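Take a look at the structure below.
Positions of Cβ are generated from backbone atoms using ideal geometry, with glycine treated the same way; all protein chains shown enter the neighbour counts. Throughout, read-outs are computed from the coordinates displayed, never taken from laboratory work.
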RNA sequence: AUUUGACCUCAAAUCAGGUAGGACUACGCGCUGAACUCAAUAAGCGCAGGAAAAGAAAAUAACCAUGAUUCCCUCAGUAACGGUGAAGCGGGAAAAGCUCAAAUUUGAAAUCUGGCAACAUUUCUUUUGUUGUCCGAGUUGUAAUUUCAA
RNA sequence: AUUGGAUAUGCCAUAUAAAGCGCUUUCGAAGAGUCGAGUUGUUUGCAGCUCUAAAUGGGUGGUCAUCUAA
RNA sequence: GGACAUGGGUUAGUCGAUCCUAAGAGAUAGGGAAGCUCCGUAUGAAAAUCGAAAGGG
RNA sequence: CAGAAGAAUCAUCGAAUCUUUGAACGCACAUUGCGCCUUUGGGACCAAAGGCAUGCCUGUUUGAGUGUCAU
Ligand SMILES: [Zn+2]
């Protein structure tokens, strides 16, 4: 008798938390523009905060900053 | 079922690759604690959800 | 005397002072990426000499027109039918049935995977 | 049904002609007569300020004259700008005052008729700010003031001042204390 | 592998043809891997992949320098050719307009600037 | 200068002329939108003394807010949110009726070169002035939060400072 | 005048919905 | 008749050029705000920066007077209120002052964005400007002088 | 390889100008639904609402002293 | 052995989805709210979309 | 391990690439669903490249107005 789904995979956050009838993710709040976050969920914030991913651009910016954001080609 | 979507199939595809045995040569490397699989799932056991 | 609709103003096209991208991007779906590898499993090998057909592992973005153009530009062999499926591991496998003029064995020999 | 912008465009007009207008505003929709207005603008056409091109030509001409071998005549033009005109009224240097009848914020011109009368300056309300704008090579001129002309134009300047007196001060002279509108 | 500098002293079409034959060779190398090849071929797969990457790199560089030459000394250039430090630095005030001063302040700094003085002990 | 006359007339808000103009203008803004552009300010004297110059970069928006928090502060916040590329310079009351108070908000375009090259307004381009109307750094914002100089106008108590040597 | 009279006539039925209190 | 040209208002454009969103949030500024003085706390909402905010008195004082703001010791657990709880002065850390509106350049809008063409300059072919020309903004006021210490 | 500021040195600038100082035989413009009052709400301060200012005036402290808000 | 290890296996113009819409959800123009946002979707505008692998095809 | 042999799973890092998404931006997305504009290529069709979100600001163009006017 348990062969129906309440939530599905979320497009934005890739978890099975996107409700079907309400059409809003319980985890990240998609389709809301702002990502769902609550200060009482300190652990919930640190599971999805920055640094849990690749941070590909931020590492690029940090190495760039350490040299004063120079451009061009050396001698 | 036999009516799955593409996204469901693709998620199934990598979930089938994840639960495969580890090659022996990577175990034989030095400083490599990897000697078994701790992400081994079985279909009758825990569901993918 | 009714339906005061908008007057028709001319629609000036875009006249940019600069292109939004400095250089154009080369075609991202070329025949080399379309045809990845051929399958040489025994079932495919049977199809080779029992149906004048070659089994290719194609890119997952490829559509029947594209493999048709890709094999034609990479082998100059004229296909008659293409059938595509997606394997359970998430890879597209294409059965290209050639015309009776070409021989699947000769094509397989010249590719080098018989 | 007409768009809301043109509905409000017509509705503002009807209400302005419908409501009880205090005399300080009621004095504005009574303006100068036709022929006097044409003679006003005929006189001001002579004394319109020099254009930017004419100014630049004069500036380069005097600059090269000074540079090569070497002071000009007294300029004669109409005086524009609200503050500059108000200053001229304060100093009594202005001889004739023209106020556009359709200034958008009416408080910008509501105090002028009282001020010119206090200084005894001949003032008149003329039609449309656009005409004053073309006179001074502008889009909009809220007020114009004539303070000095050439000697040969003094005779007819006195005549038009008498004419505007007759058609604006001898005539009317009651709308400034009459509850207009309604 | 091909040296990047001698790749630079060639023309566009030659790099295009070298690219095309490299892709033929890579396709041949991969089918050898599928059908069973020697360790030399399996190792040659990586080096030929890197050499196509070199040719793509030099082609893209030559195109971008060409575009920079085309847009040299122009008010507006493509957003790819424009600088990218940060969004904040791009939106910030330039040093010229941070140094802009009213004529009042110019006179003040002309006539009463920070003087150079000292005290005798 | 006529702005002295404009200012002195604005003092007397119960005058017959001001009452007639206010009713007609307030009626006009009613069938206008809640927030609408005003190409030229309705009180040029007030706008100039509040910091508005008739140059490319300054924007005047008229907003109506119902009565019954500070209406001037609410007007600034709503206009600032509605024009997100503009810094709210200041605002001033223009009109009122039984239920609607009308305000005109002066905004500045930080991206415009006529603003970025003017040393007398360049301070607003700095990123520290983003959404001043929301942080409470405007004139009505400062007055509402009670910022002032004098005995009339918390963290120093809820902490117990423990020095090294004690 | 005719437009406003028509406006009132339609508002009498179509745009009634005044009832300005929604909790 | 009606055609022609202005100004005002309002539109439309895949028009030219720009800008806002979202994320982090320890510190910063606001709105809002409980319950078991709790607490202007926690939660909720908005918005920034490297600091934020505050800041050059519509300030203290009743002295031989002090002199922008911020922080620290002290005042002091005092005044005050009915357990809450300052501030002036004094000693230090740091110091820096200023800008507009309100008056006519009226013998001259002297002001400014943008388009076009050159000249340049660069953390940089990626940056920032200069001049000339055109259009526009602008007299419903942009420049210079003035901010009460004057 | 960059620069940050000064020193020496070269070249342009255009001052027919601008500014500081002592006197007046002079005038001295100064921010409004804002201050303020009554009432209700929040922890004097702030806000809602009725009403609504002045120009040696207005605010603050016990005629005087000190400041000059919006 | 359905467990473990190594491989192979799902081929569509005609079968379905995709198309349409029902109950319903909801963008937009406007109106509120200190605000995240609620009403509004045929509505006083210078003109939708989603929703059925058992419905229609 | 095999393998060839300016090497390297080296460091630095100013030149580039950066797939599908996501504030996410042609419309949608429990769908590898549905489009439109420009150009090019292929032997009507297909393919490829470049584009099409919203609000706001400055300017440009076209308008709309029995709104005010001048002939
Ligand atoms: Zn999610």
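The table below lists the values:
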item	result
Given (1) over 13 Å from the mean Cα position of the chain (by Cα); (2) farther than 30 Å from residue B:4 by Cβ, index of the condition residue A:44 fails	(1)
Residues (assigned to a helix (DSSP H, G or I), more than 16 Å from residue D:32 (Cβ to Cβ) and more than 16 Å from the chain's Cα centre (by Cα)) located in the stretch D:126-182	D:151, D:152, D:153, D:154, D:155, D:156, D:158, D:177
Checking residue F:83 against (1) surrounded by fewer than 20 Cβ atoms within 10 Å (Cβ to Cβ); (2) more than 12 Å from chain D (Cβ to nearest Cβ); (3) closer than 30 Å to residue F:118 by Cβ; (4) within 15 Å of RNA strand I (Cβ to nearest atom), the condition it does not meet	(4)
Counted residues, the stretch F:71-80 - those being touching a helix residue (DSSP H, G or I) at 6+ places or on another chain (Cβ under 7 Å) and within 9 Å of RNA strand J (Cβ to nearest atom)	2
Test: residue in the stretch F:25-38 that is more than 16 Å from the ligand (Cβ to nearest atom), within 12 Å of residue F:106 (Cα to Cα) and part of a loop (DSSP other than H, G, I, E, B)	yes
Verdict on residue A:10 being within 16 Å of RNA strand H (Cβ to nearest atom), within 14 Å of chain B (Cβ to nearest Cβ) and under 21 Å from residue B:12 (Cβ atoms)	yes
Looking only at the stretch D:57-87, and only at residues there that are out of contact with any helix residue (DSSP H, G or I) (no Cβ under 6 Å at 6 or more places or on another chain) and under 17 Å from residue D:151 (Cα atoms), the one that is nearest to the other protein chains (Cβ to nearest Cβ)	D:77
Residue within the stretch C:54-67 that is farther than 15 Å from residue C:111 by Cβ, part of a helix (DSSP H, G or I) and over 9 Å from the mean Cα position of the chain (by Cα) present	no
Residue, farthest from RNA strand H (Cβ to nearest atom), within the stretch A:14-44, restricted to residues that are away from chain B (no Cβ under 14 Å), under 23 Å from residue B:49 (Cβ atoms) and not in a loop (DSSP other than H, G, I, E, B)	A:19
Count of the stretch F:40-49 residues which are more than 9 Å from chain D (Cβ to nearest Cβ) and surrounded by fewer than 18 Cβ atoms within 10 Å (Cβ to Cβ)	2
Residues located in the stretch F:9-22, provided they are facing chain D (nearest Cβ under 9 Å) and more than 16 Å from residue D:23 (Cα to Cα)	F:10
Matching option when the condition is more than 14 Å from the chain's Cα centre (by Cα), surrounded by 15 or more Cβ atoms within 10 Å (Cβ to Cβ) and within 10 Å of RNA strand H (Cβ to nearest atom), among F:116, F:132	F:116
Criterion: within 29 Å of residue D:176 (Cβ to Cβ), more than 14 Å from the chain's Cα centre (by Cα) and surrounded by fewer than 20 Cβ atoms within 10 Å (Cβ to Cβ) - qualifying residue of D:73, D:118	D:118
Any chance residue B:20 is farther than 23 Å from residue A:17 by Cβ and within 9 Å of RNA strand J (Cβ to nearest atom)	yes
When residues of the stretch D:134-147 are limited to those that are crowded, with 17+ Cβ neighbours inside 10 Å and more than 12 Å from every other protein chain (Cβ to nearest Cβ), the one farthest from residue D:16 (Cα to Cα)	D:147
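Residue-wise test of (1) closer than 30 Å to residue F:16 by Cα; (2) within 14 Å of another protein chain (Cβ to nearest Cβ).
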| residue | (1), (2) |
| --- | --- |
| D:3 | no, yes |
| D:22 | yes, yes |
| D:34 | no, no |
| D:39 | no, no |
| D:42 | no, no |
| D:51 | no, no |
| D:55 | no, no |
